[PDB]
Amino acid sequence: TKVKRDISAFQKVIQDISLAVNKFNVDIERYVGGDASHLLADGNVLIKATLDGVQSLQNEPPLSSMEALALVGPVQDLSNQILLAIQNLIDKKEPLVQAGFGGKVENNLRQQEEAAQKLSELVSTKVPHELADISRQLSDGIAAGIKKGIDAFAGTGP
């Protein structure tokens, strides 16, 4: 159909989360040690964007296969960026722990986990059946990644 649904609410959520994840990746990749308060702030922006997506999308009708198809690439890219973020964070465990931030990072990751779960549960109600398996796999990959981050930092605080 040439009729285009206003899917701007979905696009906005993807964009807001992407901006937060990308900013975190910029800062983590250049982090080599020292105070990590800015990284925790980046994490907080990401949690707030995630929670905002739950609030923005709660009442949106489910996506058709055609509507979902236009969001597939954007979602896949965002999944890739989130998995990069988690791996980048784990890669910087040593300077983070040296700086006395390991517990703070653990705490932030536990909040990321809870927010991601809320959004994932909501997204599962909006995706059409044709994309349900692939969406669940992308969601599970994110959830499992966050947990690997939690495992990496668990108990490393002062």
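The first residue of the shown sequence is 1; numbering continues from there.
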Going by the B-factors listed in the PDB entry, is the mean over the C-alpha atoms higher for 61-69 or for 112-120? 61-69
Quick one: say whether 129-137 or 46-54 has the higher mean Cα B-factor in the deposited entry. 129-137
Among the modelled residues of its chain, does the C-alpha B-factor of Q15 lie in the lowest, middle or highest third? middle
B-factor third for the C-alpha atom of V75 within its chain: highest
Binned into thirds over the chain's modelled residues, the C-alpha B-factor of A143 lands in the middle
Among the modelled residues of its chain, the C-alpha B-factor of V21 falls in the third labelled lowest
